[PDB]
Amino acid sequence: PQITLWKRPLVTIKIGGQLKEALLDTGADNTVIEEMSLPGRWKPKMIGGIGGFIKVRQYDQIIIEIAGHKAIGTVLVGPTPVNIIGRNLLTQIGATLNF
């Protein structure tokens, strides 16, 4: 689709068998989801933002369905105030900014 930016670009995602709402976020290098369980191995990471850093768990090779499009990549899980789809998975669904 083409999504205008009058409102937050929120979409439905499926991750870990769960449906969630998430922000399509071109200012995010990585995908960061609120606390949930994911299978397999993980390692700790710190990620920064406007107001400092949070500690997250980094899971690699996770499949997510984003507004109907499947993609695979790293997902960070931790106390983010919003679920964010960052550039590592936006590229995979072929998202671009146009003006």
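Numbering starts at 1 and follows the sequence shown.
Judged by mean Cα B factor in the deposited record, 2-10 ranks above the other of 88-96 and 2-10. According to the PDB record, 69-77 carries the higher mean C-alpha B-factor of the two stretches 27-35 and 69-77. Per the PDB record, residue ranking by Cα B-factor puts residue 19 in the highest third of the chain. Sort the modelled residues of the chain by CA B factor and residue 46 lands in the lowest third.
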